[PDB]
$ cat start_36.pdb   # PDB, C-alpha atoms and all ligand atoms
MODEL        1
ATOM      1  CA  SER A  96     112.518 127.758  64.402  1.00  0.00           C
ATOM      2  CA  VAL A  97     110.069 126.889  67.224  1.00  0.00           C
ATOM      3  CA  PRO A  98     106.811 124.938  66.635  1.00  0.00           C
ATOM      4  CA  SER A  99     103.644 126.667  67.827  1.00  0.00           C
ATOM      5  CA  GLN A 100     102.183 125.426  71.130  1.00  0.00           C
ATOM      6  CA  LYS A 101      98.921 127.411  70.864  1.00  0.00           C
ATOM      7  CA  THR A 102      95.877 125.369  71.894  1.00  0.00           C
ATOM      8  CA  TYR A 103      93.532 125.130  68.916  1.00  0.00           C
ATOM      9  CA  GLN A 104      90.397 122.974  68.927  1.00  0.00           C
ATOM     10  CA  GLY A 105      89.636 123.734  65.266  1.00  0.00           C
ATOM     11  CA  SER A 106      86.638 122.624  63.227  1.00  0.00           C
ATOM     12  CA  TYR A 107      86.490 119.146  64.794  1.00  0.00           C
ATOM     13  CA  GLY A 108      86.702 120.175  68.477  1.00  0.00           C
ATOM     14  CA  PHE A 109      90.022 118.412  68.996  1.00  0.00           C
ATOM     15  CA  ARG A 110      91.426 118.040  72.516  1.00  0.00           C
ATOM     16  CA  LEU A 111      93.329 115.549  74.627  1.00  0.00           C
ATOM     17  CA  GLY A 112      92.208 113.598  77.662  1.00  0.00           C
ATOM     18  CA  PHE A 113      94.022 111.769  80.424  1.00  0.00           C
ATOM     19  CA  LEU A 114      93.171 108.938  82.781  1.00  0.00           C
ATOM     20  CA  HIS A 115      92.909 109.423  86.539  1.00  0.00           C
ATOM     21  CA  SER A 116      95.762 107.228  87.722  1.00  0.00           C
ATOM     22  CA  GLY A 117      96.438 108.747  91.148  1.00  0.00           C
ATOM     23  CA  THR A 118      99.778 109.232  92.892  1.00  0.00           C
ATOM     24  CA  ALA A 119     100.501 105.941  94.701  1.00  0.00           C
ATOM     25  CA  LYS A 120     104.118 104.750  94.801  1.00  0.00           C
ATOM     26  CA  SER A 121     103.195 101.952  92.315  1.00  0.00           C
ATOM     27  CA  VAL A 122     101.951 104.359  89.596  1.00  0.00           C
ATOM     28  CA  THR A 123     103.978 104.437  86.365  1.00  0.00           C
ATOM     29  CA  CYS A 124     102.151 107.253  84.512  1.00  0.00           C
ATOM     30  CA  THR A 125     100.002 109.998  86.017  1.00  0.00           C
ATOM     31  CA  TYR A 126      98.597 113.280  84.769  1.00  0.00           C
ATOM     32  CA  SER A 127      98.210 116.515  86.765  1.00  0.00           C
ATOM     33  CA  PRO A 128      95.378 118.739  85.483  1.00  0.00           C
ATOM     34  CA  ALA A 129      96.531 121.532  87.833  1.00  0.00           C
ATOM     35  CA  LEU A 130      99.992 121.562  86.260  1.00  0.00           C
ATOM     36  CA  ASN A 131      98.939 120.344  82.777  1.00  0.00           C
ATOM     37  CA  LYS A 132     101.786 117.893  83.249  1.00  0.00           C
ATOM     38  CA  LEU A 133     102.277 114.180  82.658  1.00  0.00           C
ATOM     39  CA  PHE A 134     104.668 112.311  84.967  1.00  0.00           C
ATOM     40  CA  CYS A 135     105.912 108.926  83.723  1.00  0.00           C
ATOM     41  CA  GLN A 136     108.590 106.310  84.119  1.00  0.00           C
ATOM     42  CA  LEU A 137     111.114 105.599  81.411  1.00  0.00           C
ATOM     43  CA  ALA A 138     109.693 103.670  78.432  1.00  0.00           C
ATOM     44  CA  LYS A 139     106.363 102.912  80.175  1.00  0.00           C
ATOM     45  CA  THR A 140     102.970 103.117  78.479  1.00  0.00           C
ATOM     46  CA  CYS A 141     101.401 106.617  78.540  1.00  0.00           C
ATOM     47  CA  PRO A 142      97.770 106.497  77.456  1.00  0.00           C
ATOM     48  CA  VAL A 143      96.654 109.774  75.852  1.00  0.00           C
ATOM     49  CA  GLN A 144      93.043 110.120  74.773  1.00  0.00           C
ATOM     50  CA  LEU A 145      91.955 111.982  71.652  1.00  0.00           C
ATOM     51  CA  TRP A 146      88.528 113.609  71.771  1.00  0.00           C
ATOM     52  CA  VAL A 147      86.662 115.220  68.891  1.00  0.00           C
ATOM     53  CA  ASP A 148      83.183 116.719  68.568  1.00  0.00           C
ATOM     54  CA  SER A 149      82.870 115.510  64.976  1.00  0.00           C
ATOM     55  CA  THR A 150      84.731 112.968  62.878  1.00  0.00           C
ATOM     56  CA  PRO A 151      87.578 114.430  60.811  1.00  0.00           C
ATOM     57  CA  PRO A 152      88.063 113.346  57.180  1.00  0.00           C
ATOM     58  CA  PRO A 153      89.667 110.056  56.168  1.00  0.00           C
ATOM     59  CA  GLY A 154      93.454 110.550  56.045  1.00  0.00           C
ATOM     60  CA  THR A 155      93.580 112.809  59.108  1.00  0.00           C
ATOM     61  CA  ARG A 156      96.653 112.103  61.268  1.00  0.00           C
ATOM     62  CA  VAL A 157      97.875 112.786  64.786  1.00  0.00           C
ATOM     63  CA  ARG A 158     101.475 113.941  65.352  1.00  0.00           C
ATOM     64  CA  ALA A 159     103.481 114.177  68.566  1.00  0.00           C
ATOM     65  CA  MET A 160     106.640 116.271  69.007  1.00  0.00           C
ATOM     66  CA  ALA A 161     108.627 117.435  72.040  1.00  0.00           C
ATOM     67  CA  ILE A 162     110.098 120.895  72.570  1.00  0.00           C
ATOM     68  CA  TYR A 163     111.871 122.469  75.509  1.00  0.00           C
ATOM     69  CA  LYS A 164     109.522 124.533  77.669  1.00  0.00           C
ATOM     70  CA  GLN A 165     111.964 127.226  78.784  1.00  0.00           C
ATOM     71  CA  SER A 166     112.442 130.314  76.629  1.00  0.00           C
ATOM     72  CA  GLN A 167     116.243 129.949  76.495  1.00  0.00           C
ATOM     73  CA  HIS A 168     116.121 126.310  75.253  1.00  0.00           C
ATOM     74  CA  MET A 169     113.130 126.269  72.837  1.00  0.00           C
ATOM     75  CA  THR A 170     115.315 126.328  69.695  1.00  0.00           C
ATOM     76  CA  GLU A 171     117.245 123.181  70.723  1.00  0.00           C
ATOM     77  CA  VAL A 172     116.012 119.861  69.236  1.00  0.00           C
ATOM     78  CA  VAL A 173     114.771 117.455  71.945  1.00  0.00           C
ATOM     79  CA  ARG A 174     116.470 114.089  71.429  1.00  0.00           C
ATOM     80  CA  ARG A 175     117.610 111.059  73.377  1.00  0.00           C
ATOM     81  CA  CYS A 176     120.848 111.455  75.317  1.00  0.00           C
ATOM     82  CA  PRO A 177     124.180 109.954  74.189  1.00  0.00           C
ATOM     83  CA  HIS A 178     123.568 106.897  76.382  1.00  0.00           C
ATOM     84  CA  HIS A 179     119.984 106.052  75.468  1.00  0.00           C
ATOM     85  CA  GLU A 180     120.375 106.659  71.717  1.00  0.00           C
ATOM     86  CA  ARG A 181     122.873 103.742  71.719  1.00  0.00           C
ATOM     87  CA  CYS A 182     120.647 101.382  73.766  1.00  0.00           C
ATOM     88  CA  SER A 183     119.553  98.164  72.009  1.00  0.00           C
ATOM     89  CA  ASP A 184     115.873  98.952  72.677  1.00  0.00           C
ATOM     90  CA  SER A 185     114.776  99.306  69.046  1.00  0.00           C
ATOM     91  CA  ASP A 186     111.145  98.406  68.262  1.00  0.00           C
ATOM     92  CA  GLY A 187     111.899  97.999  64.525  1.00  0.00           C
ATOM     93  CA  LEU A 188     110.320 101.339  63.588  1.00  0.00           C
ATOM     94  CA  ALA A 189     111.394 104.227  65.838  1.00  0.00           C
ATOM     95  CA  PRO A 190     114.798 105.722  65.054  1.00  0.00           C
ATOM     96  CA  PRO A 191     117.050 105.293  68.108  1.00  0.00           C
ATOM     97  CA  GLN A 192     117.446 109.073  68.518  1.00  0.00           C
ATOM     98  CA  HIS A 193     113.694 109.744  68.977  1.00  0.00           C
ATOM     99  CA  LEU A 194     112.441 110.528  72.476  1.00  0.00           C
ATOM    100  CA  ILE A 195     108.754 109.869  71.737  1.00  0.00           C
ATOM    101  CA  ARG A 196     107.500 106.544  70.398  1.00  0.00           C
ATOM    102  CA  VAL A 197     104.040 105.243  69.691  1.00  0.00           C
ATOM    103  CA  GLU A 198     103.572 101.785  71.124  1.00  0.00           C
ATOM    104  CA  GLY A 199     101.735  98.985  69.306  1.00  0.00           C
ATOM    105  CA  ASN A 200     100.795 100.739  66.065  1.00  0.00           C
ATOM    106  CA  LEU A 201     102.349  99.417  62.862  1.00  0.00           C
ATOM    107  CA  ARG A 202     101.112 102.476  60.919  1.00  0.00           C
ATOM    108  CA  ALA A 203     103.263 104.847  63.021  1.00  0.00           C
ATOM    109  CA  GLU A 204     105.680 106.940  60.968  1.00  0.00           C
ATOM    110  CA  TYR A 205     108.713 108.739  62.327  1.00  0.00           C
ATOM    111  CA  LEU A 206     109.897 112.005  60.791  1.00  0.00           C
ATOM    112  CA  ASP A 207     113.305 113.611  60.916  1.00  0.00           C
ATOM    113  CA  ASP A 208     112.430 117.073  59.557  1.00  0.00           C
ATOM    114  CA  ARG A 209     114.862 118.027  56.753  1.00  0.00           C
ATOM    115  CA  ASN A 210     114.771 121.768  57.649  1.00  0.00           C
ATOM    116  CA  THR A 211     114.249 121.999  61.427  1.00  0.00           C
ATOM    117  CA  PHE A 212     115.872 118.629  62.316  1.00  0.00           C
ATOM    118  CA  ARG A 213     113.118 117.991  64.875  1.00  0.00           C
ATOM    119  CA  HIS A 214     111.717 114.551  65.500  1.00  0.00           C
ATOM    120  CA  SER A 215     108.090 113.532  65.488  1.00  0.00           C
ATOM    121  CA  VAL A 216     105.874 110.481  65.347  1.00  0.00           C
ATOM    122  CA  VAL A 217     102.591 110.445  63.450  1.00  0.00           C
ATOM    123  CA  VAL A 218      99.713 107.951  63.250  1.00  0.00           C
ATOM    124  CA  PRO A 219      96.355 107.831  61.474  1.00  0.00           C
ATOM    125  CA  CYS A 220      93.471 109.389  63.444  1.00  0.00           C
ATOM    126  CA  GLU A 221      91.231 106.400  64.211  1.00  0.00           C
ATOM    127  CA  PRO A 222      87.562 106.888  65.113  1.00  0.00           C
ATOM    128  CA  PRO A 223      86.399 105.504  68.466  1.00  0.00           C
ATOM    129  CA  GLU A 224      85.588 101.800  68.614  1.00  0.00           C
ATOM    130  CA  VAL A 225      82.160 100.507  69.600  1.00  0.00           C
ATOM    131  CA  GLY A 226      81.540 101.093  73.329  1.00  0.00           C
ATOM    132  CA  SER A 227      84.014 103.995  73.402  1.00  0.00           C
ATOM    133  CA  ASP A 228      83.644 107.729  72.919  1.00  0.00           C
ATOM    134  CA  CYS A 229      87.332 108.463  72.313  1.00  0.00           C
ATOM    135  CA  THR A 230      90.469 106.890  70.898  1.00  0.00           C
ATOM    136  CA  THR A 231      93.693 106.355  72.817  1.00  0.00           C
ATOM    137  CA  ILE A 232      97.292 106.543  71.659  1.00  0.00           C
ATOM    138  CA  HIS A 233      99.954 104.808  73.777  1.00  0.00           C
ATOM    139  CA  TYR A 234     103.145 106.862  73.940  1.00  0.00           C
ATOM    140  CA  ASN A 235     106.540 105.972  75.387  1.00  0.00           C
ATOM    141  CA  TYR A 236     109.225 108.472  76.460  1.00  0.00           C
ATOM    142  CA  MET A 237     112.663 106.952  75.973  1.00  0.00           C
ATOM    143  CA  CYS A 238     114.942 109.142  78.163  1.00  0.00           C
ATOM    144  CA  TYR A 239     114.707 110.559  81.657  1.00  0.00           C
ATOM    145  CA  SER A 240     114.237 114.316  82.101  1.00  0.00           C
ATOM    146  CA  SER A 241     117.512 114.163  84.072  1.00  0.00           C
ATOM    147  CA  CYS A 242     119.620 112.481  81.334  1.00  0.00           C
ATOM    148  CA  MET A 243     123.002 114.195  80.975  1.00  0.00           C
ATOM    149  CA  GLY A 244     123.759 115.320  77.441  1.00  0.00           C
ATOM    150  CA  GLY A 245     120.025 115.011  76.669  1.00  0.00           C
ATOM    151  CA  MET A 246     117.184 116.809  78.413  1.00  0.00           C
ATOM    152  CA  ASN A 247     119.591 117.511  81.322  1.00  0.00           C
ATOM    153  CA  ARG A 248     116.842 118.376  83.831  1.00  0.00           C
ATOM    154  CA  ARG A 249     115.144 120.824  81.433  1.00  0.00           C
ATOM    155  CA  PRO A 250     111.348 120.500  81.224  1.00  0.00           C
ATOM    156  CA  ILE A 251     109.736 119.610  77.919  1.00  0.00           C
ATOM    157  CA  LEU A 252     106.320 119.995  76.353  1.00  0.00           C
ATOM    158  CA  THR A 253     104.682 117.441  74.087  1.00  0.00           C
ATOM    159  CA  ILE A 254     102.694 119.087  71.305  1.00  0.00           C
ATOM    160  CA  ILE A 255      99.977 116.947  69.738  1.00  0.00           C
ATOM    161  CA  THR A 256      98.713 118.144  66.363  1.00  0.00           C
ATOM    162  CA  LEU A 257      95.730 116.965  64.356  1.00  0.00           C
ATOM    163  CA  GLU A 258      96.713 117.234  60.674  1.00  0.00           C
ATOM    164  CA  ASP A 259      95.102 116.695  57.309  1.00  0.00           C
ATOM    165  CA  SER A 260      96.662 114.362  54.736  1.00  0.00           C
ATOM    166  CA  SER A 261      99.066 117.133  53.534  1.00  0.00           C
ATOM    167  CA  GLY A 262     100.178 117.905  57.087  1.00  0.00           C
ATOM    168  CA  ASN A 263      98.168 121.143  57.416  1.00  0.00           C
ATOM    169  CA  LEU A 264      96.980 122.099  60.884  1.00  0.00           C
ATOM    170  CA  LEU A 265      93.499 121.015  62.000  1.00  0.00           C
ATOM    171  CA  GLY A 266      93.921 121.123  65.786  1.00  0.00           C
ATOM    172  CA  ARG A 267      96.535 121.403  68.521  1.00  0.00           C
ATOM    173  CA  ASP A 268      96.933 120.588  72.206  1.00  0.00           C
ATOM    174  CA  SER A 269      99.922 120.197  74.522  1.00  0.00           C
ATOM    175  CA  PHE A 270     101.149 119.135  77.938  1.00  0.00           C
ATOM    176  CA  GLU A 271     104.352 119.255  79.962  1.00  0.00           C
ATOM    177  CA  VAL A 272     106.204 115.978  80.580  1.00  0.00           C
ATOM    178  CA  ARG A 273     108.533 114.818  83.333  1.00  0.00           C
ATOM    179  CA  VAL A 274     110.127 111.428  82.761  1.00  0.00           C
ATOM    180  CA  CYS A 275     111.245 110.222  86.195  1.00  0.00           C
ATOM    181  CA  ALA A 276     111.665 107.260  88.514  1.00  0.00           C
ATOM    182  CA  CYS A 277     108.879 108.292  90.941  1.00  0.00           C
ATOM    183  CA  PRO A 278     106.041 109.928  89.007  1.00  0.00           C
ATOM    184  CA  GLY A 279     103.467 109.638  91.827  1.00  0.00           C
ATOM    185  CA  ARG A 280     105.760 111.283  94.374  1.00  0.00           C
ATOM    186  CA  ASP A 281     106.908 113.989  91.953  1.00  0.00           C
ATOM    187  CA  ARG A 282     103.318 114.837  90.974  1.00  0.00           C
ATOM    188  CA  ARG A 283     102.424 115.186  94.692  1.00  0.00           C
ATOM    189  CA  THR A 284     105.523 117.360  95.287  1.00  0.00           C
ATOM    190  CA  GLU A 285     104.921 119.650  92.306  1.00  0.00           C
ATOM    191  CA  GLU A 286     101.185 120.031  93.086  1.00  0.00           C
ATOM    192  CA  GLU A 287     102.143 121.016  96.669  1.00  0.00           C
ATOM    193  CA  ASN A 288     104.730 123.539  95.372  1.00  0.00           C
ATOM    194  CA  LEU A 289     102.010 125.089  93.156  1.00  0.00           C
ATOM    195  CA  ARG A 290      99.576 125.318  96.102  1.00  0.00           C
TER     196      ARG A 290
HETATM  197  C1  LIG B   1     120.578 100.759  77.135  1.00  0.00           C
HETATM  198  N1  LIG B   1     120.348  99.597  76.489  1.00  0.00           N
HETATM  199  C2  LIG B   1     120.713  98.479  77.179  1.00  0.00           C
HETATM  200  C3  LIG B   1     121.279  98.560  78.465  1.00  0.00           C
HETATM  201 CL1  LIG B   1     121.724  97.110  79.305  1.00  0.00          CL
HETATM  202  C4  LIG B   1     121.482  99.818  79.059  1.00  0.00           C
HETATM  203  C5  LIG B   1     122.093 100.000  80.463  1.00  0.00           C
HETATM  204  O1  LIG B   1     123.303 100.346  80.575  1.00  0.00           O
HETATM  205  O2  LIG B   1     121.355  99.798  81.469  1.00  0.00           O
HETATM  206  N2  LIG B   1     121.114 100.920  78.358  1.00  0.00           N
HETATM  207 ZN    ZN B   2     118.753 109.250  78.332  1.00  0.00          ZN
ENDMDL
END
$ encode --input "start_36.pdb" --output "structure tokens"
Amino acid sequence: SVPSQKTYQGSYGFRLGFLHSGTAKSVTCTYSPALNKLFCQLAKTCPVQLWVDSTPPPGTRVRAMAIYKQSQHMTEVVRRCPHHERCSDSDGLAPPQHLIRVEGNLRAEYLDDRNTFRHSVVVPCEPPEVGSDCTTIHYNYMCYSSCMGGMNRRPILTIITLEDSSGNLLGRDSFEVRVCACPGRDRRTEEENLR
């Protein structure tokens, strides 16, 4: 089984947004619109904006899940490598096997799917606060793209789904992720390679 990655704004006009962080050597998280790709350091804050055209119903949730991008690896569950899953970096909520965490949200729930065995993290969809036009979720990625026995240099996609209270699909967006030591440099390199 492979989760859909089809972009779907749905009834509420759901889509993601990203900050403009640049590509300086000091940057820890940066998004490339040209590549639709987030570059980030291990376990560092990744702000992801949620934008809607109209407010979805109370009980709407936002789920994140990783899959492998490449055709020949899409059926394999994305998980932390044998090193990082045994790290003592628990936050009290995320299972140690999960690549994607939500930072600083006590209502985050982590799912180990009983059928597909895939991991995901889900939070309530909060409306924007006063003085803001969007809401932001802070994600952390807990293994490097290069980790042996884990992602093993294989690119991943994060799929963000807007769901109703039963888990039915309301909206979908996605982006590639590279977890790496030098996200600014790697973004510059990959944007050059594309050009
Ligand atoms: C995971 N958790 C803790 C530590 Cl100290 C390490 C490491 O070997 O750097 N990994
Ligand atoms: Zn790892």
$ closest_residue --input "start_36.pdb" --among "A:200, A:211, A:116, A:256" --to "residue 128 (chain A)" --atoms "all atoms listed in the file"
A:116
$ closest_residue --input "start_36.pdb" --among "A:203, A:276, A:220, A:194" --to "ligand ZN 2 (chain B)" --atoms "all atoms listed in the file"
A:194
$ resolve_selection --input "start_36.pdb" --expression "the PyMOL selection byres (((chain A and resi 112) around 9) and not hetatm)" --output "ChimeraX atom specification"
/A:110-111,113-114,143-146,229,231
$ atom_distance --input "start_36.pdb" --atom1 "CA of residue 118 (chain A)" --atom2 "CA of residue 163 (chain A)"
25.0 Å
$ resolve_selection --input "start_36.pdb" --expression "the PyMOL selection byres (((not hetatm)) within 12 of (chain B and resi 1))" --output "number ranges by chain"
A: 137-138, 175-185, 191, 237-238
$ resolve_selection --input "start_36.pdb" --expression "the PyMOL selection byres (((chain A and resi 122-127) around 10) and not hetatm)" --output "MDAnalysis selection string"
chainID A and resid 112:121 128:143 270:283 285:286
$ write_last_selection --input "start_36.pdb" --atoms "C-alpha atoms" --output "mmCIF file, keeping the file's coordinate frame"
data_model
loop_
_atom_site.group_PDB
_atom_site.id
_atom_site.type_symbol
_atom_site.label_atom_id
_atom_site.label_comp_id
_atom_site.auth_asym_id
_atom_site.auth_seq_id
_atom_site.Cartn_x
_atom_site.Cartn_y
_atom_site.Cartn_z
ATOM 1 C CA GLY A 112 92.208 113.598 77.662
ATOM 2 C CA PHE A 113 94.022 111.769 80.424
ATOM 3 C CA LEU A 114 93.171 108.938 82.781
ATOM 4 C CA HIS A 115 92.909 109.423 86.539
ATOM 5 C CA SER A 116 95.762 107.228 87.722
ATOM 6 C CA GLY A 117 96.438 108.747 91.148
ATOM 7 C CA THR A 118 99.778 109.232 92.892
ATOM 8 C CA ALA A 119 100.501 105.941 94.701
ATOM 9 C CA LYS A 120 104.118 104.750 94.801
ATOM 10 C CA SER A 121 103.195 101.952 92.315
ATOM 11 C CA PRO A 128 95.378 118.739 85.483
ATOM 12 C CA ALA A 129 96.531 121.532 87.833
ATOM 13 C CA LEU A 130 99.992 121.562 86.260
ATOM 14 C CA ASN A 131 98.939 120.344 82.777
ATOM 15 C CA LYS A 132 101.786 117.893 83.249
ATOM 16 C CA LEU A 133 102.277 114.180 82.658
ATOM 17 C CA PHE A 134 104.668 112.311 84.967
ATOM 18 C CA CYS A 135 105.912 108.926 83.723
ATOM 19 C CA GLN A 136 108.590 106.310 84.119
ATOM 20 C CA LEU A 137 111.114 105.599 81.411
ATOM 21 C CA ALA A 138 109.693 103.670 78.432
ATOM 22 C CA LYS A 139 106.363 102.912 80.175
ATOM 23 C CA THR A 140 102.970 103.117 78.479
ATOM 24 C CA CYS A 141 101.401 106.617 78.540
ATOM 25 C CA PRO A 142 97.770 106.497 77.456
ATOM 26 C CA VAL A 143 96.654 109.774 75.852
ATOM 27 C CA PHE A 270 101.149 119.135 77.938
ATOM 28 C CA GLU A 271 104.352 119.255 79.962
ATOM 29 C CA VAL A 272 106.204 115.978 80.580
ATOM 30 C CA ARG A 273 108.533 114.818 83.333
ATOM 31 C CA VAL A 274 110.127 111.428 82.761
ATOM 32 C CA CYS A 275 111.245 110.222 86.195
ATOM 33 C CA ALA A 276 111.665 107.260 88.514
ATOM 34 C CA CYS A 277 108.879 108.292 90.941
ATOM 35 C CA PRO A 278 106.041 109.928 89.007
ATOM 36 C CA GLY A 279 103.467 109.638 91.827
ATOM 37 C CA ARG A 280 105.760 111.283 94.374
ATOM 38 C CA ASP A 281 106.908 113.989 91.953
ATOM 39 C CA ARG A 282 103.318 114.837 90.974
ATOM 40 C CA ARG A 283 102.424 115.186 94.692
ATOM 41 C CA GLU A 285 104.921 119.650 92.306
ATOM 42 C CA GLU A 286 101.185 120.031 93.086
#
$ axis_aligned_box --input "start_36.pdb" --around "region 159-172 of chain A" --padding-each-side "5 Å" --output "lines of an AutoDock Vina configuration file"
center_x = 110.4
center_y = 122.2
center_z = 73.7
size_x = 23.8
size_y = 26.1
size_z = 20.2
$ closest_residue --input "start_36.pdb" --among "A:251, A:189, A:195, A:242" --to "residue 164 (chain A)" --atoms "all atoms listed in the file"
A:251
$ closest_residue --input "start_36.pdb" --among "A:254, A:243, A:217, A:147" --to "ligand ZN 2 (chain B)" --atoms "all atoms listed in the file"
A:243
$ residues_around --input "start_36.pdb" --residues "residue 260 (chain A)" --least-positions-apart "4" --cutoff "12 Å" --atoms "all atoms listed in the file" --output "mmCIF file with C-alpha atoms, in the frame of the given file"
data_model
loop_
_atom_site.group_PDB
_atom_site.id
_atom_site.type_symbol
_atom_site.label_atom_id
_atom_site.label_comp_id
_atom_site.auth_asym_id
_atom_site.auth_seq_id
_atom_site.Cartn_x
_atom_site.Cartn_y
_atom_site.Cartn_z
ATOM 1 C CA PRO A 151 87.578 114.430 60.811
ATOM 2 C CA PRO A 152 88.063 113.346 57.180
ATOM 3 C CA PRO A 153 89.667 110.056 56.168
ATOM 4 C CA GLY A 154 93.454 110.550 56.045
ATOM 5 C CA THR A 155 93.580 112.809 59.108
ATOM 6 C CA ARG A 156 96.653 112.103 61.268
ATOM 7 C CA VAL A 157 97.875 112.786 64.786
ATOM 8 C CA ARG A 158 101.475 113.941 65.352
ATOM 9 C CA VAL A 217 102.591 110.445 63.450
ATOM 10 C CA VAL A 218 99.713 107.951 63.250
ATOM 11 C CA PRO A 219 96.355 107.831 61.474
ATOM 12 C CA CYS A 220 93.471 109.389 63.444
ATOM 13 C CA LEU A 264 96.980 122.099 60.884
ATOM 14 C CA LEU A 265 93.499 121.015 62.000
#
$ atom_distance --input "start_36.pdb" --atom1 "CA of residue 166 (chain A)" --atom2 "CA of residue 246 (chain A)"
14.4 Å
$ atom_distance --input "start_36.pdb" --atom1 "CA of residue 100 (chain A)" --atom2 "CA of residue 161 (chain A)"
10.3 Å
$ closest_residue --input "start_36.pdb" --among "A:289, A:97, A:173, A:225" --to "ligand ZN 2 (chain B)" --atoms "only C-alpha atoms and all ligand atoms"
A:173
$ closest_residue --input "start_36.pdb" --among "A:245, A:160, A:216, A:268" --to "ligand ZN 2 (chain B)" --atoms "all atoms listed in the file"
A:245
$ residues_around --input "start_36.pdb" --residues "residue 212 (chain A)" --least-positions-apart "3" --cutoff "10 Å" --atoms "only C-alpha atoms" --output "list in words"
residues 96, 171, 172, 173, 206, 207, 208, 209 and 215 of chain A
$ decode --input "start_36.pdb" --residues "region 204-217 of chain A" --atoms "N, CA, C and O atoms" --output "PDB file, in the first residue's frame"
ATOM      1  N   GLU A 204      -0.864  13.531  18.430  1.00  0.00           N
ATOM      2  CA  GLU A 204      -1.073  12.093  18.562  1.00  0.00           C
ATOM      3  C   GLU A 204      -0.249  11.401  17.504  1.00  0.00           C
ATOM      4  O   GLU A 204      -0.145  11.878  16.389  1.00  0.00           O
ATOM      5  N   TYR A 205       0.344  10.275  17.874  1.00  0.00           N
ATOM      6  CA  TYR A 205       1.192   9.508  16.991  1.00  0.00           C
ATOM      7  C   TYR A 205       0.534   8.177  16.702  1.00  0.00           C
ATOM      8  O   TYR A 205       0.118   7.476  17.637  1.00  0.00           O
ATOM      9  N   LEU A 206       0.432   7.844  15.426  1.00  0.00           N
ATOM     10  CA  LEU A 206      -0.239   6.628  14.969  1.00  0.00           C
ATOM     11  C   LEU A 206       0.774   5.670  14.380  1.00  0.00           C
ATOM     12  O   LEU A 206       1.588   6.052  13.533  1.00  0.00           O
ATOM     13  N   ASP A 207       0.691   4.414  14.830  1.00  0.00           N
ATOM     14  CA  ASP A 207       1.292   3.280  14.160  1.00  0.00           C
ATOM     15  C   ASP A 207       0.127   2.539  13.505  1.00  0.00           C
ATOM     16  O   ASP A 207      -0.663   1.914  14.206  1.00  0.00           O
ATOM     17  N   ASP A 208       0.010   2.617  12.188  1.00  0.00           N
ATOM     18  CA  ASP A 208      -1.164   2.085  11.488  1.00  0.00           C
ATOM     19  C   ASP A 208      -1.161   0.554  11.580  1.00  0.00           C
ATOM     20  O   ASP A 208      -0.176  -0.083  11.228  1.00  0.00           O
ATOM     21  N   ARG A 209      -2.264  -0.020  12.060  1.00  0.00           N
ATOM     22  CA  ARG A 209      -2.337  -1.474  12.291  1.00  0.00           C
ATOM     23  C   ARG A 209      -2.272  -2.322  11.015  1.00  0.00           C
ATOM     24  O   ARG A 209      -1.884  -3.495  11.081  1.00  0.00           O
ATOM     25  N   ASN A 210      -2.641  -1.742   9.870  1.00  0.00           N
ATOM     26  CA  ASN A 210      -2.636  -2.448   8.580  1.00  0.00           C
ATOM     27  C   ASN A 210      -1.392  -2.174   7.740  1.00  0.00           C
ATOM     28  O   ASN A 210      -0.738  -3.108   7.270  1.00  0.00           O
ATOM     29  N   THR A 211      -1.069  -0.894   7.550  1.00  0.00           N
ATOM     30  CA  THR A 211       0.045  -0.486   6.692  1.00  0.00           C
ATOM     31  C   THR A 211       1.378  -0.395   7.432  1.00  0.00           C
ATOM     32  O   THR A 211       2.429  -0.361   6.785  1.00  0.00           O
ATOM     33  N   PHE A 212       1.323  -0.297   8.763  1.00  0.00           N
ATOM     34  CA  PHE A 212       2.506  -0.140   9.625  1.00  0.00           C
ATOM     35  C   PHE A 212       3.215   1.208   9.483  1.00  0.00           C
ATOM     36  O   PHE A 212       4.274   1.412  10.071  1.00  0.00           O
ATOM     37  N   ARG A 213       2.612   2.142   8.757  1.00  0.00           N
ATOM     38  CA  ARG A 213       3.226   3.456   8.580  1.00  0.00           C
ATOM     39  C   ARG A 213       2.964   4.329   9.778  1.00  0.00           C
ATOM     40  O   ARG A 213       1.984   4.157  10.496  1.00  0.00           O
ATOM     41  N   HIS A 214       3.882   5.266   9.980  1.00  0.00           N
ATOM     42  CA  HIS A 214       3.856   6.188  11.096  1.00  0.00           C
ATOM     43  C   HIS A 214       3.287   7.510  10.652  1.00  0.00           C
ATOM     44  O   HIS A 214       3.505   7.936   9.535  1.00  0.00           O
ATOM     45  N   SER A 215       2.581   8.164  11.553  1.00  0.00           N
ATOM     46  CA  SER A 215       2.146   9.539  11.295  1.00  0.00           C
ATOM     47  C   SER A 215       1.932  10.262  12.604  1.00  0.00           C
ATOM     48  O   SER A 215       1.823   9.649  13.672  1.00  0.00           O
ATOM     49  N   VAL A 216       1.880  11.586  12.506  1.00  0.00           N
ATOM     50  CA  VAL A 216       1.620  12.459  13.626  1.00  0.00           C
ATOM     51  C   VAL A 216       0.513  13.423  13.231  1.00  0.00           C
ATOM     52  O   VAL A 216       0.564  14.014  12.157  1.00  0.00           O
ATOM     53  N   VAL A 217      -0.465  13.582  14.120  1.00  0.00           N
ATOM     54  CA  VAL A 217      -1.665  14.342  13.811  1.00  0.00           C
ATOM     55  C   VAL A 217      -1.954  15.327  14.940  1.00  0.00           C
ATOM     56  O   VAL A 217      -1.808  14.994  16.119  1.00  0.00           O
TER      57      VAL A 217
END
